[PDB]
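Below: one structure, written as C-alpha cells.
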Amino acid sequence: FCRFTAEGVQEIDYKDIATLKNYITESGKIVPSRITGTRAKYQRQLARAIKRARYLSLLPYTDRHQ
Amino acid sequence: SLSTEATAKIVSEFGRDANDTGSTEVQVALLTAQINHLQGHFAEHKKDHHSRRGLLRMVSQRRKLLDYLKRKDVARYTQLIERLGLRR
Amino acid sequence: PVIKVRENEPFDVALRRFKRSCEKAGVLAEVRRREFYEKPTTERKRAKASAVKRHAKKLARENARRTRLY
Amino acid sequence: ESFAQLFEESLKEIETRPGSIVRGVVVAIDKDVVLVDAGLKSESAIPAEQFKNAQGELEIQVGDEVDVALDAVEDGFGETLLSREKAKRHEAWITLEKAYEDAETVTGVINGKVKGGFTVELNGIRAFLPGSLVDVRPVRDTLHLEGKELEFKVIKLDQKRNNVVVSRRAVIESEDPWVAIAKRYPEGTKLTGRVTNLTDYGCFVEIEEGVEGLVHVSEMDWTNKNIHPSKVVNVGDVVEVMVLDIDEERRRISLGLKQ
Amino acid sequence: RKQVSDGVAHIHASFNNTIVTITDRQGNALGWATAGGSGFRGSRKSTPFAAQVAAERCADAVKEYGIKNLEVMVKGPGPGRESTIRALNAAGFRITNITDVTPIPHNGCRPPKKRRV
Amino acid sequence: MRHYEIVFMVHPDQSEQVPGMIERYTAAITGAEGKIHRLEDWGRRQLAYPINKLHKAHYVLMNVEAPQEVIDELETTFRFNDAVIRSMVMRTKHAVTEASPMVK
RNA sequence: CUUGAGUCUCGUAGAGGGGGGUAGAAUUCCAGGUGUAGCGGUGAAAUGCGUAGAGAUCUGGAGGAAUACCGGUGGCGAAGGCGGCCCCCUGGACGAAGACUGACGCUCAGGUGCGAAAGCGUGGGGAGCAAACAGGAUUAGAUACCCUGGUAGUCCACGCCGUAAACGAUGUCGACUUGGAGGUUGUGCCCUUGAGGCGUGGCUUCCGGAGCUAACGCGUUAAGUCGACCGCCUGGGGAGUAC
Numbered sequence: 010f011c012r013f014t015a016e017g018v019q020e021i022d023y024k025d026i027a028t029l030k031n032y033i034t035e036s037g038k039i040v041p042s043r044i045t046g047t048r049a050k051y052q053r054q055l056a057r058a059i060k061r062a063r064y065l066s067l068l069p070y071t072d073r074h075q
Numbered sequence: 002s003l004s005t006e007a008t009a010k011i012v013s014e015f016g017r018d019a020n021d022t023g024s025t026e027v028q029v030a031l032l033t034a035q036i037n038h039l040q041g042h043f044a045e046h047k048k049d050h051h052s053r054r055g056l057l058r059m060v061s062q063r064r065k066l067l068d069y070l071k072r073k074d075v076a077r078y079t080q081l082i083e084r085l086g087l088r089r
Numbered sequence: 002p003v004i005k006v007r008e009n010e011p012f013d014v015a016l017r018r019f020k021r022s023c024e025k026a027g028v029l030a031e032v033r034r035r036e037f038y039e040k041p042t043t044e045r046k047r048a049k050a051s052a053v054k055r056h057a058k059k060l061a062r063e064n065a066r067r068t069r070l071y
Numbered sequence: 003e004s005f006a007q008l009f010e011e012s013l014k015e016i017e018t019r020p021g022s023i024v025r026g027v028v029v030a031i032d033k034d035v036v037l038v039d040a041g042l043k044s045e046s047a048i049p050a051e052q053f054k055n056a057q058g059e060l061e062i063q064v065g066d067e068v069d070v071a072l073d074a075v076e077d078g079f080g081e082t083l084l085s086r087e088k089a090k091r092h093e094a095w096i097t098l099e100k101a102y103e104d105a106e107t108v109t110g111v112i113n114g115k116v117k118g119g120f121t122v123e124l125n126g127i128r129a130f131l132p133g134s135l136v137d138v139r140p141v142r143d144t145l146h147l148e149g150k151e152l153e154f155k156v157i158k159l160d161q162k163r164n165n166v167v168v169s170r171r172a173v174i175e176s264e265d266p267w268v269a270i271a272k273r274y275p276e277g278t279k280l281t282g283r284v285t286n287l288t289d290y291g292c293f294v295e296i297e298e299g300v301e302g303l304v305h306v307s308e309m310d311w312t313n314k315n316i317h318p319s320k321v322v323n324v325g326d327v328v329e330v331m332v333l334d335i336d337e338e339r340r341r342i343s344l345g346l347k348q
Numbered sequence: 013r014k015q016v017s018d019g020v021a022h023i024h025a026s027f028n029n030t031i032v033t034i035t036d037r038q039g040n041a042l043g044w045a046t047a048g049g050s051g052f053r054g055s056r057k058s059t060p061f062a063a064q065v066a067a068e069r070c071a072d073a074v075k076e077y078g079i080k081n082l083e084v085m086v087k088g089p090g091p092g093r094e095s096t097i098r099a100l101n102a103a104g105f106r107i108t109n110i111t112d113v114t115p116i117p118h119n120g121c122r123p124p125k126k127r128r129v
Numbered sequence: 001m002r003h004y005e006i007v008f009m010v011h012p013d014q015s016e017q018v019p020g021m022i023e024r025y026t027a028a029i030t031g032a033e034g035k036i037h038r039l040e041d042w043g044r045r046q047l048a049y050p051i052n053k054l055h056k057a058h059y060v061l062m063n064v065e066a067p068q069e070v071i072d073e074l075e076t077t078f079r080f081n082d083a084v085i086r087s088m089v090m091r092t093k094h095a096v097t098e099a100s101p102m103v104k
C-alpha cells in the first residue's frame with residue numbers, strides 16, 4: 010500500500026519535510042519498507058531524501074544528539 | 002559518452018545520406034572520436050580500469066570494422082584511414 | 002528513546018512505556034551485534050541462512066498444513 | 003459450438019465478483035456449517051454465525067438465497083469470503099440513501115460512548131460513533147431510559163474507516266492512514282474492529298482504514314500465558330478493542346483487549 | 013553543601029557491573045555508588061539485585077542535597093537497567109524523564125574479535 | 001547548460017546581509033548567460049541539530065541553469081565565506097520552477 | 001537479403017569505475033570542571049588501571065578509520081569486487097518505437113590486460129583492531145583456546161606480487177523442450193471508476209514435470225535435447241614435489 014504510487018510523484022523532495030517525518034522514527038531512524046509498505050524504487054529515493062535533509066539539518070540524525 | 006550534437010555532426014560528415022548513421026565508415030568514426038575523447042580522461046585517471054575496459058572494447062570493435070571494410074572495399078578503407086589518420 | 006512522565010502518570014506505566022520504546026528502537030540488540038567484530042562472510046552467511054530458514058518456514062510447513070495430523 | 007463460447011460470456015454477464023447477486027441456494031444445513039452454491043467452482047463452508055439474526059437462532063432453511071463475497075479463490079479447496087460482509091454493502095447503501103433526502107431514518111439506540119461517541123446499532127450490527135453524534139445537543143442520553151428508541155441522525159462518518167456517529171433523540175431537529270494518525274490516539278480511544286488472523290502470538294484486529302493492530306497475547310483476557318488466542322475470542326469478529334499505543338513511524342498500533 | 017531540587021541519575025549498566033551516579037542538571041556529579049562497591053563480587057555484582065542496592069546506596073548518599081525531581085539516563089546493556097530505576101523510584105524521587113543513552117556508532121570503529129569458547 | 005539546485009545557509013547574526021549576498025550570487029550567474037529559475041529566501045529557521053554551536057540559521061534556496069565553471073566559483077566563494085555555514089549545490093534534470101512545498 | 005551482429009533517437013534504474021569535497025555518531029587521546037574509592041575483567045580469577053584522584057560525569061579541543069537506520073536469497077559489475085551525502089570526469093545494461101549498415105559473426109593455443117586477503121618496496125599516516133611479543137590465568141604440560149596489554153599490518157600515494165573453497169566446486173556462444181509461486185526494473189493498452197485489469201521485454205530467488213544422473217540431485221538461469229570452439233582428466237601415494 011505505497012503512497013507514492015498512488016500520488017504518482019516523479020521524485021521525492023528532501024525539502025518536503027512533513028512527508029519525510031512520516032517515514033522516520035521517533036529516534037530518527039528511517040522506517041523499513043516492510044512496515045511502510047513503500048515500493049522499493051520509491052523507498053530508495055525516500056532514504057536519499059531523508060539523508061539530504063539530515064545533512065541540511067532539516068531532519069535530525071537521531072533524537073539524542075545536540 | 003559522446004554528446005548528441007557531436008554524434009549528429011560526425012554522422013553528417015561521413016554518412017552519405019546523413020540519415021544513415023549505420024554506415025561502416027560512420028561507425029568507425031564515432032568510435033575514433035570517442036577513443037580520442039577518452040584519451041584525456043585516462044591520462045588523468047590511470048587506475049580507472051573499469052572505464053578503460055570499455056575503451057578497449059570500443060577499440061576492438063573499431064578494429065573489426067576496419068578489417069571488414071578492408072576485405073569488402075579497399076579504396077573506401079584507404080579514404081577512411083586518411084580522414085581519421087589511423088596508422089592502420 | 003527519550004521519554005517524559007505525563008502528569009498524574011504512574012511510575013510503573015512509565016517504565017513500561019520506556020521498555021516498549023527501547024524494544025522498538027532495538028537498542029539492546031544493536032549493542033549485542035556490535036560487542037565484537039563479525040567477519041563479512043559470517044554476516045553474509047547468517048543473513049542468507051536466516052532467509053533460507055524463513056522461506057522453509059513459510060512454504061514447507063504450509064504444504065504440511067494442508068494434510069490433517071489425525 | 004460457439005454455443006458454449008456465447009454461454010461462457012453469458013454466464014460472465016450474469017454474475018459479478020463481490021457479494022452482490024443473491025444466488026447461492028442453501029443446499030445443506032447441519033450444525034455448525036451452512037453451505038451454498040452461487041455458481042462458483044465449489045460450495046462455501048459457511049459458519050452458522052453468519053446466519054442467525056439478533057437473538058441466536060437460525061432463519062433460512064433449504065433453498066434460501068444470500069450472496070456471499072469473492073475476489074479470493076481456493077486456499078487449497080473451497081470457495082468464498084462470507085456473506086454478512088455482503089450485508090455490510092446493504093447497510094452502506096441504506097446509509098448513503100440519506101444523502102438523497104439529507105436524512106436517513108431508522109431506529110438508533112445509543113446508550114454509551116465507547117470511544118467518545120455513543121454506540122448505535124442497526125438491526126443486527128452495532129457500529130461505533132464519535133462523541134457529538136449521539137446527541138444533537140448536550141442532551142446526553144445517560145438520563146434517558148436505558149437503550150432508548152429514537153432513530154439515528156448522522157453527525158459524523160469517517161468515510162473510509164467505518165466509524166459512523168448518529169443522533170438519537172430530538173425528532174424535531176432536521264500515505265493516507267499515517268500522516269494524521271492522531272484521531273483515535275490520545276491514550277485510550279476504544280474501537281470496534283473485526284479480527285482477521287490469529288498468529289498464535291496475536292489476533293490482528295485491524296479495521297480503521299488500512300492499519301494493523303495486534304492485541305497480541307498478553308492482555309486478551311485476565312490470564313497471561315496459557316491462553317492461546319484462538320480459544321479465547323474468535324475468528325472474524327468485531328470486538329471491544331482500543332489503541333493503548335501508536336507508532337505513526339513504524340506503523341505498529343498496539344491495541345489491547347483486557348480493558 | 014548547596015541543596016539542589018532537580019538533578020540527574022546516570023545509570024552506567026555494563027554486563028559485569030552497574031554504576032549509578034547522581035549529578036546536578038549541569039553535569040557536576042553529587043554522589044555515586046556501584047554494585048561492586050555495594051559489596052558485590054563477580055557473579056553477584058552482575059545482577060539486578062546488585063544494581064538496585066547500588067542505586068539505593070547512591071540515593072542515600074545524596075540525601076543531604078535534598079533532591080526531589082530526577083531525570084534518568086540509562087547507559088549500556090545490563091541487568092541493572094530496569095531494576096536500578098525501580099530502586100531509585102522506591103527511594104522516593106519524582107522521576108521526570110527516563111532516557112536511553114547507549115552510545116551507538118553509525119559504523120565507526122572496529123570492535124574487538126569474537127571470543128572462542 | 002546544467003540545472004543546479006543550491007541551498008545555502010547563513011549565520012543568523014548575518015541575516016540582514018543575506019539579500020546583498022543573494023544579489024551578488026545572482027549577478028555572477030547572469031554574467032555567464034546563466035538563467036535563474038526560482039529563488040526562495042526561506043529566512044531564519046530552527047535547526048534540527050546545532051551546527052557550529054548555533055541553533056538557528058538562515059536558509060536560502062536557489063535554482064540555476066548555469067555553466068559548471070561559475071557553479072565551481074560559487075562553491076569556492078561559499079567555502080571561503082564564513083557567513084554561510086553550509087551549502088548544498090545539487091544537480092537536477094529540469095528547470096524546476098514551481099516552488100517549494102513549505103513556502104506553500 | 002535481413003533474421004545474427006552492430007550504429008543512430010528518447011528514456012530508465014543502479015553500492016559500476018576514477019577524482020575532489022563534506023556530515024553525523026561512536027571509540028581513543030589531550031586540557032579543564034564535579035567527585036570519591038573503586039574500576040576493569042572471567043566460568044572463577046589474576047595480571048592491569050586507580051587516593052600522584054581512576055572509573056562515572058560535564059565542557060572544550062585533536063586526529064584517524066568506518067559509514068548504524070534505509071538494507072532486501074535488493075541492485076551494479078567480466079571476474080575480483082562495489083554501500084553515508086554532494087559535485088566533476090567515465091564504462092556498461094535494459095526498454096520504446098522507428099531509421100540505417102548488410103554476416104561485419106562465434107570460439108581462441110600462444111599473446112595482452114584486470115585480478116580478494118595476506119605479503120614486498122619508497123614515502124606518508126596511525127583512532128580502533130591486532131599476527132609477533134610480554135605478563136595473568138587454565139592445565140599434567142598450554143610455546144593455545146580465555147584475560148590485560150601490544151608492534152608489524154590494516155589507512156593513503158605510486159610501484160611489485162598474481163595466488164584463494166578466486167565456488168554455482170557447473171568454460172564461452174547459439175537453438176529447442178510441460179508448469180507454479182515470487183522479487184526487481186522497464187514498457188503497451190484499459191473507465192488507473194482504487195492500492196488495480198489484461199499483456200509484453202530484461203535480470204533474478206524458490207519449488208517442481210519430462211528427461212538426465214552412481215545416487216544426491218539438475219530441471220527453460222539444465223546437470224534435458226543438439227551444434228561450434230577451447231581448457232582439462234587417465235589408480236592412490238611419492239607430488240603440484242625435485243631438476
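Protein chains in written order, with the deposited numbering: chain C, 10 to 75; chain T, 2 to 89; chain F, 2 to 71; chain H, 3 to 176, 264 to 348; chain Q, 13 to 129; chain L, 1 to 104. Note that CB positions come from ideal geometry on N, CA and C, so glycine has one too.
Members of the region 18-40 of chain F that neighbour chain Q once the beta carbon cut-off is set at 9 Å: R18, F19, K20, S22, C23, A26, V28, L29, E31, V32, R33, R35, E36, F37, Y38, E39 and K40
Coarse secondary structure for H:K117, derived from DSSP in three states: Position 115 of the fourth sequence holds residue 117 of chain H. In this structure, H:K117 counts as coil in the three-state DSSP scheme.
Of the residues L:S100, L:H58 and L:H37, the one placed nearest L:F8, counting alpha carbons only: Counting from 1 along the sixth sequence, the entry for residue 8 of chain L is found at position 8. Closest by alpha carbon: L:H58.
Beta-bridge partners of Q:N81, as assigned by DSSP: As a position in the fifth sequence, residue 81 of chain Q is number 69, starting the count at 1. Q:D18 and Q:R106, per the DSSP bridge assignment.
Environment of H:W267 [buried if 16+ CB atoms lie within 10 Å]: Here residue 267 of chain H corresponds to residue number 178 of the fourth sequence, with the count starting at 1. Result: buried.
Beta-bridge pairing of Q:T46 - partner residues as DSSP gives them: For the purposes of this step, residue 46 of chain Q is taken as residue 34 along the fifth sequence, with counting starting at 1. Note: Q:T46 sits in a beta bridge opposite Q:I31.
Beta-carbon gap between L:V96 and L:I29 smaller than 8 Å: Translated into the one-based positions of the sixth sequence, residue 96 of chain L becomes position 96. Translated into the one-based positions of the sixth sequence, residue 29 of chain L becomes position 29. It is not a contact, given that the beta carbons lie outside the stated cut-off.
Short CB-CB distance (under 8 Å) between C:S36 and chain L: The residue labelled residue 36 of chain C in the question sits at position 27 within the first sequence. C:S36 does not count as touching chain L.
Residues near Q:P60 in its chain [Cβ-Cβ closer than 7 Å; skip 5 each side]: Here residue 60 of chain Q is taken as the residue at index 48 of the fifth sequence, counted from 1. Closer than 7 Å at the Cβ level, and outside the excluded window around Q:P60, lie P91, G92 and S95.
Where the alpha helix (DSSP H) containing H:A6 begins and where it ends: Locating residue 6 of chain H in the fourth sequence gives position 4, counting from the first residue. Run containing H:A6: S4 to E15, per the alpha helix (DSSP H) assignment.
Inter-residue spacing [alpha-carbon to alpha-carbon] between Q:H22 and Q:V84: Here residue 22 of chain Q refers to the residue found at position 10 when the fifth sequence is read from its first residue. Here residue 84 of chain Q refers to the residue found at position 72 when the fifth sequence is read from its first residue. If I take the Cα positions, the gap works out to 6 Å.
Same chain, Cβ closer than 7 Å to L:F78, neighbours up to 5 away in sequence not counted: Position 78 of the sixth sequence, counted from the first residue, corresponds to residue 78 of chain L. So the qualifying residues of the chain are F8, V84 and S87.
Where the beta strand (DSSP E) containing T:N37 begins and where it ends: Residue numbering aside, residue 37 of chain T sits at position 36 when the second sequence is read from its first letter. Run containing T:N37: none in the beta strand (DSSP E); it sits in the alpha helix (DSSP H), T25 to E45.
Residue from L:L54, L:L39 and L:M102 with nearest C-alpha to L:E65: Along the sixth sequence, read from residue 1 onward, the residue named residue 65 of chain L stands at position 65. Checked all of L:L54, L:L39 and L:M102; the closest Cα to L:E65 is L:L39.
Neighbourhood of C:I59 by C-beta, 8 Å cutoff - its chain only, sequence neighbours within 5 removed: Position 50 of the first sequence, counting from 1, holds the residue named residue 59 of chain C. Here the set comprises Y23, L29, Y32, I33, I39 and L68.
contact_flag[the region 49-69 of chain H, the region 22-41 of chain H] where n(CB pairs < 8 Å) is 3 or more: Enough Cβ pairs lie closer than 8 Å, so yes.
Pairwise C-alpha distance: H:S319 and H:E45: Position 43 of the fourth sequence holds residue 45 of chain H. Position 230 of the fourth sequence holds residue 319 of chain H. Whole-angstrom Cα-Cα distance: 25 Å.
Terminal residues of the alpha helix (DSSP H) in which F:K49 lies: On the third sequence, position 48 is the one that residue 49 of chain F refers to. Per DSSP, F:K49 belongs to the alpha helix (DSSP H) from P41 to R67.
Identity of the residue in Q:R13, Q:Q15 and Q:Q64 nearest Q:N29 by Cα: By one-based count along the fifth sequence, residue 29 of chain Q stands at place 17. For the residues Q:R13, Q:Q15 and Q:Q64, the minimum Cα distance to Q:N29 belongs to Q:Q64.
Backbone CA spacing between H:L145 and Q:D72 [nearest angstrom]: Here residue 145 of chain H refers to the residue found at position 143 when the fourth sequence is read from its first residue. Here residue 72 of chain Q refers to the residue found at position 60 when the fifth sequence is read from its first residue. Rounded to whole angstroms, H:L145 and Q:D72 show a C-alpha spacing of 55 Å.
Residue from H:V116, H:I127 and H:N125 whose Cα sits closest to the Cα of H:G133: In the fourth sequence, residue 133 of chain H corresponds to position 131, counting from 1. Here the closest residue by C-alpha is H:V116.
Residues near H:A56 by beta carbon distance below 7 Å, same chain, minus five either side: What you label residue 56 of chain H is simply residue 54 of the fourth sequence in a count that begins at 1. Once the five neighbours on either side are set aside, the close Cβ partners of H:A56 are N125 and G126.
Inter-residue spacing [alpha-carbon to alpha-carbon] between C:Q54 and C:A62: Taking the first sequence and counting its residues from 1, the one referred to as residue 54 of chain C is at position 45. Taking the first sequence and counting its residues from 1, the one referred to as residue 62 of chain C is at position 53. When rounded, the distance between both Cα atoms is 12 Å.
Amino acids of chain H, ordered along the chain, whose beta-carbon sits closer than 9 Å to that of F:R55: For the purposes of this step, residue 55 of chain F is identified with residue 54 of the third sequence, where counting begins at 1. Neighbours of F:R55 on chain H: none; closest Cβ ~15 Å, over 9 Å.
Residues within the region 56-68 of chain C neighbouring chain L, beta-carbon criterion of under 9 Å: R61, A62, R63, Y64, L65, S66, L67 and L68
One or two residues paired with L:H3 in a DSSP bridge: Here the question's residue 3 of chain L lines up with position 3 in the sixth sequence. L:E65 and L:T92.
C-beta atoms of H:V306 and H:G282 nearer than 8 Å: For the purposes of this step, residue 306 of chain H is identified with residue 217 of the fourth sequence, where counting begins at 1. For the purposes of this step, residue 282 of chain H is identified with residue 193 of the fourth sequence, where counting begins at 1. No, Cβ-Cβ distance for H:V306 and H:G282 is not below 8 Å.
Nearest candidate by alpha-carbon position, reference T:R63, set T:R17, T:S4, T:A30 and T:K73: Taking the first residue of the second sequence as 1, we reach residue 63 of chain T at position 62. Out of T:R17, T:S4, T:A30 and T:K73, T:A30 has the C-alpha closest to the C-alpha of T:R63.
Contact with chain C by L:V18, beta-carbon distance below 8 Å: Taking the sixth sequence and counting its residues from 1, one reaches residue 18 of chain L at position 18. No, its Cβ sits nowhere closer than 8 Å to a Cβ of chain C.
Contacting residues, own chain, Cβ-Cβ under 7 Å from L:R44 (five flanking each side not counted): Position 44 of the sixth sequence, counted from the first residue, corresponds to residue 44 of chain L. Taken in chain order, the residues that qualify are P12, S15, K56 and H58.
Continuous alpha helix (DSSP H) stretch holding Q:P123: start and end: Taking the fifth sequence and counting its residues from 1, the one referred to as residue 123 of chain Q is at position 111. That residue, Q:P123, is in no alpha helix (DSSP H); it is neither H nor E in DSSP.
CB of Q:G43 within 8 Å of CB of Q:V74, strictly: Sequence index remark: in the fifth sequence, residue 43 of chain Q carries index 31 (1-based). Sequence index remark: in the fifth sequence, residue 74 of chain Q carries index 62 (1-based). Yes.
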